[PDB]
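Before any comments, here is the structure.
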Amino acid sequence: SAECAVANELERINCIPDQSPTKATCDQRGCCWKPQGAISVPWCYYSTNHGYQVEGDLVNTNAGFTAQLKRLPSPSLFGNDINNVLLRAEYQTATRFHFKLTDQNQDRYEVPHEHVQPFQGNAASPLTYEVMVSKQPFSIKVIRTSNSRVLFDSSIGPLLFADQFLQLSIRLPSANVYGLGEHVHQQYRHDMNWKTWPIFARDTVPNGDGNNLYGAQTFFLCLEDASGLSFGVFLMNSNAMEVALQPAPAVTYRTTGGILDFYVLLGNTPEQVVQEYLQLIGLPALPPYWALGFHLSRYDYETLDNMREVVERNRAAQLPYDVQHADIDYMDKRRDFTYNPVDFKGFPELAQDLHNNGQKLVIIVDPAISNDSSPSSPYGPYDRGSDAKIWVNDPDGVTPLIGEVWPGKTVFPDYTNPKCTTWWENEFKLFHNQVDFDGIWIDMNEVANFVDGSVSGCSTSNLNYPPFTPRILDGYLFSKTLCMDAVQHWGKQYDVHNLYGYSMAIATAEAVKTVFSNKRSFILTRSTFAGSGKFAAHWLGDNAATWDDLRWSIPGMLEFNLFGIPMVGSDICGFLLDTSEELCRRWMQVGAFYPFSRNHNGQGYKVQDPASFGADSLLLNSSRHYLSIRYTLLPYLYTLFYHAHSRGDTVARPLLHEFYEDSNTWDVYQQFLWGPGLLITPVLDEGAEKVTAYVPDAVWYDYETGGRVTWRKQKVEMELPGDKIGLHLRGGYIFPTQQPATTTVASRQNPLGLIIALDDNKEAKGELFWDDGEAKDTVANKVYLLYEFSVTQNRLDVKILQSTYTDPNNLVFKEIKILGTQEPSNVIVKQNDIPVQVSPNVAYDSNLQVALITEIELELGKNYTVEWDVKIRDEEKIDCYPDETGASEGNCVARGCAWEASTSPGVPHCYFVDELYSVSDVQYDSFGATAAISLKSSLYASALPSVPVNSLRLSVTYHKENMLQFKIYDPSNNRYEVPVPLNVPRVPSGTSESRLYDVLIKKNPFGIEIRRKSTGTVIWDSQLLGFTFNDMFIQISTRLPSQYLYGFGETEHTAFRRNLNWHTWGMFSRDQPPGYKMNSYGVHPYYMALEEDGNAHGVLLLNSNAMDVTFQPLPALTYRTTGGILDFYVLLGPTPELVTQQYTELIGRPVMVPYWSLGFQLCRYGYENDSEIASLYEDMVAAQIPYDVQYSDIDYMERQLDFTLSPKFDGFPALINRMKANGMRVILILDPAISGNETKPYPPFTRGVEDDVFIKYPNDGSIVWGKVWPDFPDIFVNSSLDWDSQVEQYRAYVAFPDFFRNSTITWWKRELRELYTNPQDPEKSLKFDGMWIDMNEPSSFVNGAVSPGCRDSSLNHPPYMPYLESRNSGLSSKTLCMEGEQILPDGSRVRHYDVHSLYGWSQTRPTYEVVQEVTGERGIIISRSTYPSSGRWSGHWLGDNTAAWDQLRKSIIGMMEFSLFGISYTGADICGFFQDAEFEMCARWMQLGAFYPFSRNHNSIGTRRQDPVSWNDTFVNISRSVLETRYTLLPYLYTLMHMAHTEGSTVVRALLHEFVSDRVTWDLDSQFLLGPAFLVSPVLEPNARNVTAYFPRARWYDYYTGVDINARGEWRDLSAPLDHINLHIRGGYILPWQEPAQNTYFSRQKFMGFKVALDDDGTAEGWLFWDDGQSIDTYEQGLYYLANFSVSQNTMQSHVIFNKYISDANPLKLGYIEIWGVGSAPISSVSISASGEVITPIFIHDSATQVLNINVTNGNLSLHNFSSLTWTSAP
Ligand SMILES: *[C@@H]1O[C@H](CO[C@@H]2O[C@@H](C)[C@@H](O)[C@@H](O)[C@@H]2O)[C@@H](O[C@@H]2O[C@H](CO)[C@@H](O)[C@H](O)[C@H]2NC(C)=O)[C@H](O)[C@H]1NC(C)=O
Ligand SMILES: *[C@@H]1O[C@H](CO)[C@@H](O[C@@H]2O[C@H](CO)[C@@H](O)[C@H](O)[C@H]2NC(C)=O)[C@H](O)[C@H]1NC(C)=O
Ligand SMILES: *[C@@H]1O[C@H](CO)[C@@H](O[C@@H]2O[C@H](CO)[C@@H](O)[C@H](O)[C@H]2NC(C)=O)[C@H](O)[C@H]1NC(C)=O
Ligand SMILES: *[C@@H]1O[C@H](CO)[C@@H](O[C@@H]2O[C@H](CO)[C@@H](O)[C@H](O)[C@H]2NC(C)=O)[C@H](O)[C@H]1NC(C)=O
Ligand SMILES: *[C@@H]1O[C@H](CO)[C@@H](O[C@@H]2O[C@H](CO)[C@@H](O)[C@H](O)[C@H]2NC(C)=O)[C@H](O)[C@H]1NC(C)=O
Ligand SMILES: *[C@@H]1O[C@H](CO)[C@@H](O[C@@H]2O[C@H](CO)[C@@H](O)[C@H](O)[C@H]2NC(C)=O)[C@H](O)[C@H]1NC(C)=O
Ligand SMILES: *[C@@H]1O[C@H](CO)[C@@H](O[C@@H]2O[C@H](CO)[C@@H](O)[C@H](O)[C@H]2NC(C)=O)[C@H](O)[C@H]1NC(C)=O
Ligand SMILES: *[C@@H]1O[C@H](CO)[C@@H](O[C@@H]2O[C@H](CO)[C@@H](O)[C@H](O)[C@H]2NC(C)=O)[C@H](O)[C@H]1NC(C)=O
Ligand SMILES: *[C@@H]1O[C@H](CO)[C@@H](O[C@@H]2O[C@H](CO)[C@@H](O)[C@H](O)[C@H]2NC(C)=O)[C@H](O)[C@H]1NC(C)=O
Ligand SMILES: *[C@@H]1O[C@H](CO)[C@@H](O)[C@H](O)[C@H]1NC(C)=O
């Protein structure tokens, strides 16, 4: 159908809103019928035929435009359809659009609002909104010109305009709709799912069944999006109506009369929309100060005596109580303006009694007046009123309408009649003269008849029975109210029914002006309309004592604040039913924070006043406690009412009004604020002692303690005991306080105070409004104090913006409380720049960081300034003098620092006290954040080493959900950046929703904060003192999450964990045996830290200049570098094994080593002649000690010259070939430095000079010479000569290649190619399999260059010399000059000073490429010097150890650290390198070293042989045994190397990587894991035959026996004889293994196997990767086998993921399967499915130890054919 063209079933507008859906009715109305569809979806919907058209054009006017609309021909719905309608639009203000639709010919009813008056002016300019009117069918659309977004759209449905039916539908930009009342929505946000709400004032209980209540409010707010952009709509119409929400999203107003008079209000935030609305309808009244106290009331006190007893009881309990209410009891025969002469005799005396105790009296007054006035018994109110003719009349307009209420037959005053107001005033005056009351409570002002219409009933008119009736209760407009044809001054009851309460409140406000002189009073009303808040407060009606009503109280209160009636609350402890102690207690707790706080009970229920529950009840104690807190904060509350009254702010506020940037705050309705500063979190559930609460993104302080909470922008479970409610102060605000008393009268004479809650930038602001609190128009007559407080830079400024009032009580501020500060000291108070004599006494709690400045008196009404200076603790002290020499008080005062000789060790003597840089221009983007940093203190910065940089930029980038980068650099000048490429995402994916972190840039001092979203833990905090960015001195510090830090190397440490007791460690490559506090071969600026909850993160600083790190016990970490920029990468975790996978993804994953390189290796410096290496080979085979690689040191080279062959090793080439034929492999050593003193042809140097590959001076062009190993030709070398003498007499001059350069790369590769294939003689060709590149620091035996010496000392001995070795010899010690020049690939020139630590890294990749070219296979590189991203192409060995006992444990620590650094192939020299090995030590070391990934026995020259065959038979047996274990496990070990290469897993893992929950594992460094499954527990001590090992919580099987040991989380003593190493397998894992042999070549041709360790559940899992083990890129080119295996339900299944290597032509045989933990029951049978072939294997089950051994060698089963193995246990 074409008329029925509706895009979306959700955009259907119901055409039958009255009766049930029937095709008969729809066909009659002309609406399309479509019953197919979902629930609540309307089958009947209007067609395009319905509506109006604009005939002509938009005639313009002075205020806007006018348009004539005629009715599109269509069937009438309810009849009397107006045909000609006029539209008038008025651009009243830049943010307020008004339009009105009315009849063109006839005049209709319009609301006579007292405040809103007709607009006389011209159109405003410029406007923030655009109005576009569609001509056919007619529609109006308001558009936000700023972002071109439609806010109001009336096109979704037709305009309907009949006499007794008007309709308009509006499409909305979002579903965030708040407002529309008065009903119980049970939630602040509005459910847009086909819900309809009636609006018609009515006396009924707030049951919660969606019924019309006592008031009529048509305003709603809509929040467009997270920018804060918002708008509001208000309809000025007093007729009965209903509002229909639709999941379009869309709202629709359906009314029974009047005109459509709309206002659209725009604002940048929700609060601005509310302010716009309240400025239009009228600003709220300022209440008297006493009305903010607590109020007590009860329906039936029966007698005055009972009332008096309640008063006395509560007074005696000392409960904060100020106002006592009186219900209709006092009134005799419930008649107004009268009191009971007997039961309530003495009522006047009660009023006086209250006043003498500083308490108040509020009396109730009803609108209905009785008619029983006879000459015998006169009733004055009635007689005087009848004389004035001020009653509501019957339709005849003359006869008073008679209704029935409390007094019985009654008449109703017409408050819209001016004469009525005069009568009303007089009545109050006479009664006030009898009883001296203080305020008025008006009730049943809906109006409310106990009968329907009148005592005579209602006429049959279209007013009493209209054609359309909203979904009102009962269904009759005259039910429990007056007849709709009754006549008043403003019109008929049909039009003014919703205005009765409004009109009465106006009249009462007038009466008060006369009765009470210059004394604003209090009018509490029930019935309300828009604009009532200017005159009265409101209470939410007759609730019941249930847990639902408790919950519903909060959204009700929040909506009324929108409507401009801030003085509002519900009845505490319920009005109907009986309350329980818990409900009344939990209600008194939250009720203490209602704007209007009153306990009100009904008739015939248990007394519920707090003192009723007993003088020492928990309820009374709790009530007294929180009511005292309310009284302390009344100055703060009163000022909030001032801002509502003056500007239109809310008092009790929803979270979304402050924290709209987040979407988690757009639904909260169980938590609220007082103004912007105080968050209230109640318990609203029966029996609960915990709440789920959302904490928004701010600093929050616990009100009761003052301590900061750690929660931010997250949900929490809060522990709230029966007598506690959640209260928190927001940082950045100042709160005025006043010492509390039992009444407001006694409290306003007590001293004042301030609470200062500081924020992230250590700043706060506040206001105090002060006045008499009783007089009227104080603000209008400008008779009041207004203060403005502000804190910044440890200075408070009080400042009086208006002072025309003087307080008679001589009040003073006596205390100042500061939250989130360091200890304040030297407090100076001055008034108007005039010193005030005072002795401020400060008291600081160190843990909560809370201070109380007392002994001060700030006279209210005068300007002042209080300044303080702060004390720094000894743990937060940052060294201001890290220079090598010059430490003195004179040198500190100059730098601008403080000097204190701390007796405590470690604590610095000269510390920092001020900041050098300021922050500005902070901008947060979707995928980043930036800021400008500018030097403030030029002089002090200059005193610090080097020249200061002035302008800096901070850039933060959100690369991924778990990774981010932040960088600080000079935007004006290029400074050196490390040329090591990293792998970052090209397009940022740090989407706000997915990302694991948040960033915050702070000020005073400057700093960056990074926080983990899930737990709210801060993982990086830089707001410490010391940030410096000089040219050659950059410093920055961070606060560590916990005391656990692992990483930073390469430097020997006593442990895996780092000691943070004032320790400084340098980093700059040097040829120095690893030692304590000694810079070594590699520089890795990376750490991983554990948070206290066991979450983990990692941080990389990408910098290559010389540097150091200091560990303060704050915990704090400081970095100091000698150049470059600051470039940080952070990995968010969340587990210790995912930070390594994240790190290696960024730097590059480890290299895959050749299978043969996992065998055992032999090396020895001092090989005399070739025939010796031959002898070793033969002897090794004889004793059957398995080995795979034989190394050759500089001995094979002539005079230690590279690319030469010594005459002593003439047969070497032949030997290499013979060994290789038997499956052995050979690695050769190469040094980088090339000799320049050769007399005979030396191609390397000659061609190097021609290709210019050597490092030369900046411009001079001379080669920087040095002295390493190469010797001089034609001299005799005497070993006796001291080393110093040899370096000076025998060592030659050498040149160092620049490996960054393209020419150098070509020369180097060609030289290695000629080494493999000798061009001069093929007989001299050396067929190597890998390369060992050593002395690549670079390293020299002469500091700087050869003598004369170096040139530029500025670089050699820099301004700041990091804490390295020989700290007085400078950077050039044992290395090149720092001025040497190098050339990057792109041609740019750099200094050795910047790239020194990247020299080994620069050589590594070229070497790797050439080896893979000459050999045609994978190859292996081993490098001494390493830098982040070196593990991508090479392994590393832990350098020159010594044969000593402490060196065994140091090796374990070293290999765990290099795994974190992403270098998986690593190991130490077995049996030591220096000194001579000892039998026991060399034996114990052989056992340990059998489990290093790089397992090599290496010794120095002139030392006892350490080779397995250099000892006796006892050793040969120990060595052979352990090495056979190694060769057995190689398939498992090789699979581990594969996963690391492909996923970034670790091979030698720590225990905390697998068991992070056990905190015992956080300090273990004497045991380790290979992969997840294999635990190694060595003996590391002399003469020890037992080892104490900790077994984490799991199933641990002994490797040798296969028996499970019961040690789950316990220590145990393991037997460890000299010939044994303790090994254990973790249950739940499957290990592939293979039979051992002399070399891998032979072993790869034997049977495979699978040890299966079942867990407690009886499940196990494992992997196998298999390839050739030699070819390049086997995985990238897809020639490999990869499979995952699983064991469960007594069966094992193989899941080949990829197979292109294992075939029938190339089989991998499987022969043995051992299952551990199968249980004690005998095993009936075992079956193997070989590609559809069942095989019965040989088997044996020893139920003593529970191990099934399955043999299948005869089965001839290849792995590719295996599918599954099943075993059935005996029933
Ligand atoms: C309810 O409170 C009473 C009285 O407590 C005192 O007053 C409070 C307002 C607060 O200032 C407390 O620190 C005071 O102790 C508790 O009862 C005992 O009352 C006697 C006499 O006043 C007092 O000396 C004791 O110290 C109080 N007992 C204690 C502290 O154990 C009473 O325990 C509270 N109610 C409940 C249910 O615990
Ligand atoms: C108060 O109003 C009621 C209702 O109008 C009056 O009661 C009626 O009085 C008339 C005589 O005037 C009787 O014929 C009716 O039977 C009464 N109606 C009832 C009882 O429903 C009453 O007289 C008024 N009292 C006055 C004016 O003093
Ligand atoms: C408190 O301090 C303020 C700021 O110094 C004073 O306010 C100024 O008063 C002068 C009086 O001639 C006015 O011209 C200025 O407009 C005011 N504001 C500013 C910003 O200068 C105020 O007088 C002081 N109040 C005292 C001394 O009680
Ligand atoms: C090769 O080197 C070996 C070892 O240096 C030489 O012979 C032995 O040297 C050791 C001392 O290193 C002595 O203890 C032995 O007595 C030597 N043996 C002999 C038979 O002299 C050997 O001479 C060298 N020459 C070659 C192999 O040409
Ligand atoms: C290595 O140097 C030492 C020390 O200079 C030489 O030893 C001396 O040789 C002379 C030869 O005439 C003897 O008179 C001395 O007694 C030796 N000792 C000392 C302490 O002077 C040694 O000869 C050199 N070795 C060589 C050249 O092979
Ligand atoms: C191999 O040499 C080792 C080291 O000298 C011998 O070990 C010692 O043997 C004695 C006598 O049995 C024991 O008292 C010592 O405790 C052993 N020391 C160590 C460190 O174990 C060993 O006996 C020799 N083996 C052979 C077969 O001679
Ligand atoms: C493990 O070894 C330790 C250290 O040798 C043994 O403890 C000592 O045993 C001797 C036996 O004569 C006692 O004299 C010492 O007092 C013991 N020292 C300590 C610190 O206890 C221990 O008995 C061995 N325990 C085993 C194998 O379970
Ligand atoms: C063995 O490998 C297969 C294939 O990679 C794994 O199965 C997949 O598992 C993922 C993650 O649970 C699922 O999304 C896929 O649907 C699975 N693919 C299939 C069944 O073809 C399997 O989980 C691995 N087994 C073990 C124990 O890791
Ligand atoms: C696995 O099964 C095979 C076949 O039954 C066993 O090998 C045979 O062992 C017997 C006894 O030593 C010899 O007579 C045969 O010559 C062996 N055959 C071969 C081909 O070597 C083997 O011992 C079993 N393995 C285990 C650990 O039980
Ligand atoms: C070494 O092992 C062999 C083979 O088991 C054995 O015969 C010999 O006695 C062992 N030697 C020692 C000293 O234990």
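Residue numbering restarts at 1 for every chain of the structure tokens, chains are lettered A, B, ... in their displayed order, and ligands are numbered from 1 as they appear.
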Using only C-alpha atoms and all ligand atoms, I'd like a table of the residues in chain A that come within 8 Å of ligand 4; for each, show the closest atom pair and its distance in Å rounded to one decimal, ordered by chain and ascending number, as JSON lines.
{"residue": "A:1168", "atom": "CA", "partner": "ligand 4", "partner_atom_place_in_ligand_line": "2 (O)", "distance": 5.4}
{"residue": "A:1169", "atom": "CA", "partner": "ligand 4", "partner_atom_place_in_ligand_line": "1 (C)", "distance": 4.9}
{"residue": "A:1170", "atom": "CA", "partner": "ligand 4", "partner_atom_place_in_ligand_line": "27 (C)", "distance": 7.2}
{"residue": "A:1171", "atom": "CA", "partner": "ligand 4", "partner_atom_place_in_ligand_line": "27 (C)", "distance": 5.1}
{"residue": "A:1172", "atom": "CA", "partner": "ligand 4", "partner_atom_place_in_ligand_line": "2 (O)", "distance": 6.2}
{"residue": "A:1208", "atom": "CA", "partner": "ligand 4", "partner_atom_place_in_ligand_line": "28 (O)", "distance": 7.7}
Show me which residues are within 12 Å of ligand 8 counting only C-alpha atoms and all ligand atoms, and format the list as a PyMOL selection string.
chain A and resi 1628-1630+1659-1664+1682-1688+1692-1698
Using only C-alpha atoms and all ligand atoms, find each protein or nucleic acid residue lying at most 7 Å from ligand 7; present the set as a PDB file with N, CA and C atoms, in the first residue's frame.
ATOM      1  N   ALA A1584      76.353 -30.695  49.866  1.00  0.00           N
ATOM      2  CA  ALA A1584      74.920 -30.710  50.236  1.00  0.00           C
ATOM      3  C   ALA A1584      74.248 -31.843  49.484  1.00  0.00           C
ATOM      4  N   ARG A1585      73.564 -32.725  50.204  1.00  0.00           N
ATOM      5  CA  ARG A1585      72.947 -33.904  49.551  1.00  0.00           C
ATOM      6  C   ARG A1585      71.423 -33.802  49.664  1.00  0.00           C
ATOM      7  N   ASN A1586      70.904 -32.619  49.971  1.00  0.00           N
ATOM      8  CA  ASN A1586      69.431 -32.439  49.995  1.00  0.00           C
ATOM      9  C   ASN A1586      69.098 -31.037  49.495  1.00  0.00           C
ATOM     10  N   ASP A1613      61.880 -31.426  51.391  1.00  0.00           N
ATOM     11  CA  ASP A1613      63.341 -31.689  51.302  1.00  0.00           C
ATOM     12  C   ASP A1613      63.570 -32.834  50.323  1.00  0.00           C
ATOM     13  N   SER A1615      65.890 -35.590  48.224  1.00  0.00           N
ATOM     14  CA  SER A1615      67.204 -36.217  48.197  1.00  0.00           C
ATOM     15  C   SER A1615      67.933 -35.828  46.911  1.00  0.00           C
TER      16      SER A1615
END
Wanna dump the chain A-ligand 1 contacts at 8 Å for me, each residue with its shortest atom pair and the distance in Å to one decimal, counting only C-alpha atoms and all ligand atoms, ordered by chain and number, as JSON lines?
{"residue": "A:615", "atom": "CA", "partner": "ligand 1", "partner_atom_place_in_ligand_line": "1 (C)", "distance": 7.8}
{"residue": "A:616", "atom": "CA", "partner": "ligand 1", "partner_atom_place_in_ligand_line": "1 (C)", "distance": 4.5}
{"residue": "A:617", "atom": "CA", "partner": "ligand 1", "partner_atom_place_in_ligand_line": "37 (C)", "distance": 5.1}
{"residue": "A:618", "atom": "CA", "partner": "ligand 1", "partner_atom_place_in_ligand_line": "37 (C)", "distance": 4.2}
{"residue": "A:619", "atom": "CA", "partner": "ligand 1", "partner_atom_place_in_ligand_line": "37 (C)", "distance": 8.0}
{"residue": "A:620", "atom": "CA", "partner": "ligand 1", "partner_atom_place_in_ligand_line": "1 (C)", "distance": 7.4}
{"residue": "A:621", "atom": "CA", "partner": "ligand 1", "partner_atom_place_in_ligand_line": "1 (C)", "distance": 5.0}
{"residue": "A:624", "atom": "CA", "partner": "ligand 1", "partner_atom_place_in_ligand_line": "9 (C)", "distance": 7.5}
{"residue": "A:625", "atom": "CA", "partner": "ligand 1", "partner_atom_place_in_ligand_line": "9 (C)", "distance": 7.3}
What does the file look like for those residues with N, CA, C and O atoms, as a compact mmCIF listing (two decimals), in the first residue's frame?
# COMPACT_ATOMS: atom_id res chain seq x y z
N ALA A 615 16.16 4.91 74.16
CA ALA A 615 17.20 5.91 74.37
C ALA A 615 18.59 5.42 73.96
O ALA A 615 19.45 6.25 73.66
N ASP A 616 18.84 4.10 73.94
CA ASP A 616 20.14 3.61 73.48
C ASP A 616 19.99 2.65 72.31
O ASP A 616 20.83 1.76 72.13
N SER A 617 18.94 2.84 71.49
CA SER A 617 18.76 1.99 70.32
C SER A 617 19.81 2.34 69.27
O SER A 617 20.28 3.47 69.21
N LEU A 618 20.13 1.36 68.40
CA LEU A 618 20.97 1.62 67.24
C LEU A 618 20.30 2.65 66.32
O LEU A 618 20.99 3.48 65.75
N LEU A 619 18.97 2.58 66.17
CA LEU A 619 18.24 3.51 65.32
C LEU A 619 18.43 4.95 65.82
O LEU A 619 18.74 5.82 65.01
N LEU A 620 18.25 5.20 67.12
CA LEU A 620 18.35 6.55 67.65
C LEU A 620 19.78 7.08 67.51
O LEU A 620 19.94 8.24 67.14
N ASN A 621 20.78 6.26 67.84
CA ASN A 621 22.18 6.65 67.74
C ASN A 621 22.53 7.03 66.31
O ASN A 621 23.09 8.10 66.08
N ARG A 624 20.77 10.32 65.26
CA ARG A 624 21.39 11.48 65.86
C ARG A 624 22.70 11.80 65.14
O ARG A 624 23.02 12.98 64.96
N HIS A 625 23.44 10.77 64.70
CA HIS A 625 24.74 10.94 64.08
C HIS A 625 24.65 11.62 62.72
O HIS A 625 25.40 12.56 62.45
Check every protein, DNA and RNA residue against ligand 9, keep those with an atom at most 7 Å away (counting only C-alpha atoms and all ligand atoms), and present them as a PDB file with N, CA, C and O atoms, in the first residue's frame.
ATOM      1  N   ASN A1751      53.555 -50.215  24.476  1.00  0.00           N
ATOM      2  CA  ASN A1751      54.585 -50.374  23.418  1.00  0.00           C
ATOM      3  C   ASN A1751      53.869 -50.616  22.096  1.00  0.00           C
ATOM      4  O   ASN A1751      52.865 -51.320  22.115  1.00  0.00           O
ATOM      5  N   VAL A1752      54.331 -49.982  21.012  1.00  0.00           N
ATOM      6  CA  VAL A1752      53.654 -50.102  19.685  1.00  0.00           C
ATOM      7  C   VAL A1752      54.727 -50.150  18.587  1.00  0.00           C
ATOM      8  O   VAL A1752      54.390 -49.870  17.416  1.00  0.00           O
ATOM      9  N   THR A1753      55.968 -50.489  18.945  1.00  0.00           N
ATOM     10  CA  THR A1753      57.066 -50.490  17.954  1.00  0.00           C
ATOM     11  C   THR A1753      56.741 -51.469  16.846  1.00  0.00           C
ATOM     12  O   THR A1753      56.991 -51.130  15.670  1.00  0.00           O
ATOM     13  N   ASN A1754      56.200 -52.639  17.197  1.00  0.00           N
ATOM     14  CA  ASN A1754      55.880 -53.687  16.188  1.00  0.00           C
ATOM     15  C   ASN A1754      54.686 -53.248  15.336  1.00  0.00           C
ATOM     16  O   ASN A1754      54.565 -53.739  14.194  1.00  0.00           O
TER      17      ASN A1754
END
Neighbouring residues of residue A:793 were defined as those with any atom within 9 Å, considering only C-alpha atoms; residues of the same chain fewer than 3 positions away were excluded. Please report them as a count of residues only.
5
So which residues touch residue A:1049 within 8 Å, counting only C-alpha atoms, skipping near sequence neighbours fewer than 6 positions away, as a PyMOL selection string?
chain A and resi 1067+1082-1085
Excluding stretch 1460-1466 of chain A and its own-chain neighbours fewer than 6 positions away, which residues fall within 7 Å of it when counting only C-alpha atoms? Please give them as a PDB file with C-alpha atoms, in the first residue's frame.
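What landed in part_33.pdb:
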ATOM      1  CA  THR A1140      55.850 -10.712  27.241  1.00  0.00           C
ATOM      2  CA  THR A1144      57.744  -9.117  21.721  1.00  0.00           C
ATOM      3  CA  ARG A1149      59.619 -12.170  18.171  1.00  0.00           C
ATOM      4  CA  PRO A1150      62.738 -14.365  19.001  1.00  0.00           C
ATOM      5  CA  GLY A1431      66.820 -11.506  19.842  1.00  0.00           C
ATOM      6  CA  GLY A1435      71.092 -15.664  20.744  1.00  0.00           C
ATOM      7  CA  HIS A1436      73.340 -14.480  23.608  1.00  0.00           C
ATOM      8  CA  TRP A1437      75.548 -16.042  26.223  1.00  0.00           C
ATOM      9  CA  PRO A1493      68.673 -23.587  25.934  1.00  0.00           C
ATOM     10  CA  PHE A1494      72.338 -22.776  24.930  1.00  0.00           C
ATOM     11  CA  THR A1546      58.886 -17.697  27.065  1.00  0.00           C
ATOM     12  CA  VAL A1547      61.106 -20.836  27.185  1.00  0.00           C
TER      13      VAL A1547
END
Counting only C-alpha atoms and all ligand atoms, which protein, DNA or RNA residues come within 6 Å of ligand 2, given as a PyMOL selection string?
chain A and resi 371-373+402+409
Given only C-alpha atoms and all ligand atoms as the counted atoms, nearest of A:1597, A:476, A:437, A:1515 to ligand 10:
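The closest residue to ligand 10 is A:1515.
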Could you give me, as number ranges by chain, the residues within 12 Å of residue A:658, counting only C-alpha atoms and dropping anything in the same chain fewer than 4 positions from it?
A: 226, 228, 269-272, 649-650, 652-654, 662-663, 665-666, 672-679, 696-698, 730
Can you tell me which residues surround stretch 962-976 of chain A at a distance of at most 6 Å, considering only C-alpha atoms, apart from same-chain residues fewer than 2 positions away, and format the answer as a ChimeraX atom specification?
/A:952-960,996,1124-1132
Could you give me the residues within 9 Å of ligand 10, counting only C-alpha atoms and all ligand atoms, as a list in words?
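With only C-alpha atoms and all ligand atoms and a cut-off of 9 Å, ligand 10 is contacted by residues 1512, 1513, 1514, 1515, 1516, 1517 and 1518 of chain A.
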Export N, CA and C atoms of the chosen residues as a tab-separated table (two decimals), in the first residue's frame?
chain	number	residue	atom	x	y	z
A	1512	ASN	N	87.49	-38.25	35.77
A	1512	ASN	CA	87.60	-39.73	35.92
A	1512	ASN	C	86.28	-40.40	35.53
A	1513	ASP	N	86.19	-41.72	35.70
A	1513	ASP	CA	84.97	-42.48	35.30
A	1513	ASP	C	83.74	-41.93	36.02
A	1514	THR	N	83.88	-41.60	37.31
A	1514	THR	CA	82.73	-41.09	38.09
A	1514	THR	C	82.08	-39.96	37.33
A	1515	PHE	N	82.89	-39.04	36.80
A	1515	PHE	CA	82.35	-37.85	36.08
A	1515	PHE	C	81.73	-38.30	34.76
A	1516	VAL	N	82.42	-39.15	34.01
A	1516	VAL	CA	81.91	-39.56	32.71
A	1516	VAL	C	80.49	-40.09	32.87
A	1517	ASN	N	80.22	-40.80	33.97
A	1517	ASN	CA	78.91	-41.39	34.17
A	1517	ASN	C	77.87	-40.32	34.49
A	1518	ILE	N	78.23	-39.36	35.36
A	1518	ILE	CA	77.34	-38.26	35.69
A	1518	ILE	C	77.01	-37.49	34.41
